[PDB]
Amino acid sequence: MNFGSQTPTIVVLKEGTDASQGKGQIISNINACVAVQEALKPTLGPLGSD
Amino acid sequence: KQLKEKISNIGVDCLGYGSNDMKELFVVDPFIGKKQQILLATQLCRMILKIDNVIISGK
């Protein structure tokens, strides 16, 4: 009845598509913005740096 | 010497003459040329000192 020896299961998303649940991703997104924020932290002000 | 006397045309004699007074040595420079040495230097170094983050993308 079957076409061959075995039949591997289908991944729902495409192979290599990154996905994650829970509170870890939104913390990573916030930490990503804070990482960009730290570059512009000492730039703010008249005595800031280029 | 320059603190004592007010005459301000005495400098470093490089050719080895016996007198350092430049009235006799025939040397003259422009004011716009000597001014730009200080202006372009002091205005650049402000930019050099204001750099904190230095990112260099390797070719």
# chains A, B, ... in the order shown; residues from 1 in each chain; ligands from 1
call {"tool": "interface_residues", "arguments": {"of": "chain A", "to": "chain B", "cutoff": "10 Å", "atoms": "only C-alpha atoms", "output": "PDB file with N, CA and C atoms, in the first residue's frame"}}
result
ATOM      1  N   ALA A  39      24.965  52.267  22.005  1.00  0.00           N
ATOM      2  CA  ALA A  39      25.833  52.979  21.075  1.00  0.00           C
ATOM      3  C   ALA A  39      25.569  54.478  21.100  1.00  0.00           C
ATOM      4  N   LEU A  40      24.305  54.878  21.241  1.00  0.00           N
ATOM      5  CA  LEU A  40      23.901  56.280  21.270  1.00  0.00           C
ATOM      6  C   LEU A  40      23.768  56.849  22.681  1.00  0.00           C
ATOM      7  N   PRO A  42      26.304  57.553  25.178  1.00  0.00           N
ATOM      8  CA  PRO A  42      27.216  58.670  25.459  1.00  0.00           C
ATOM      9  C   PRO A  42      27.195  59.779  24.418  1.00  0.00           C
ATOM     10  N   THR A  43      26.513  59.589  23.286  1.00  0.00           N
ATOM     11  CA  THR A  43      26.441  60.639  22.276  1.00  0.00           C
ATOM     12  C   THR A  43      25.528  61.781  22.718  1.00  0.00           C
ATOM     13  N   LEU A  47      28.533  67.668  25.565  1.00  0.00           N
ATOM     14  CA  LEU A  47      29.845  67.063  25.766  1.00  0.00           C
ATOM     15  C   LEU A  47      29.914  65.624  25.238  1.00  0.00           C
ATOM     16  N   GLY A  48      28.920  65.184  24.463  1.00  0.00           N
ATOM     17  CA  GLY A  48      28.934  63.851  23.902  1.00  0.00           C
ATOM     18  C   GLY A  48      30.019  63.677  22.857  1.00  0.00           C
ATOM     19  N   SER A  49      30.144  62.435  22.390  1.00  0.00           N
ATOM     20  CA  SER A  49      31.182  62.010  21.462  1.00  0.00           C
ATOM     21  C   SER A  49      30.559  61.557  20.148  1.00  0.00           C
ATOM     22  N   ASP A  50      31.295  61.782  19.062  1.00  0.00           N
ATOM     23  CA  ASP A  50      30.868  61.344  17.744  1.00  0.00           C
ATOM     24  C   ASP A  50      31.094  59.843  17.585  1.00  0.00           C
TER      25      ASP A  50
END
call {"tool": "residues_around", "arguments": {"residues": "residue 13 of chain B", "least_positions_apart": "6", "cutoff": "10 Å", "atoms": "only C-alpha atoms", "output": "compact mmCIF listing (two decimals) with N, CA, C and O atoms, in the first residue's frame"}}
result
# COMPACT_ATOMS: atom_id res chain seq x y z
N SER B 19 74.42 84.87 12.49
CA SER B 19 73.38 85.73 13.04
C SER B 19 72.01 85.09 12.81
O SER B 19 71.73 84.58 11.72
N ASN B 20 71.17 85.14 13.84
CA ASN B 20 69.82 84.58 13.80
C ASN B 20 68.76 85.60 13.38
O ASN B 20 67.61 85.21 13.16
N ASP B 21 69.12 86.88 13.25
CA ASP B 21 68.17 87.88 12.80
C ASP B 21 67.83 87.64 11.33
O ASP B 21 68.72 87.59 10.48
N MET B 22 66.54 87.49 11.05
CA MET B 22 66.06 87.13 9.72
C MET B 22 65.83 88.33 8.80
O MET B 22 65.38 88.15 7.67
N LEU B 25 68.72 87.57 6.34
CA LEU B 25 68.77 86.26 5.72
C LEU B 25 67.82 86.09 4.54
O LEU B 25 67.88 85.04 3.87
call {"tool": "select_by_dssp", "arguments": {"residues": "chain A", "states": "alpha helix (DSSP H)", "output": "ChimeraX atom specification"}}
result
/A:24-40
call {"tool": "atom_distance", "arguments": {"atom1": "atom CA of residue 11 of chain B", "atom2": "atom CA of residue 31 of chain B"}}
result
16.3 Å
call {"tool": "atom_distance", "arguments": {"atom1": "atom CA of residue 10 of chain B", "atom2": "atom CA of residue 28 of chain B"}}
result
12.1 Å
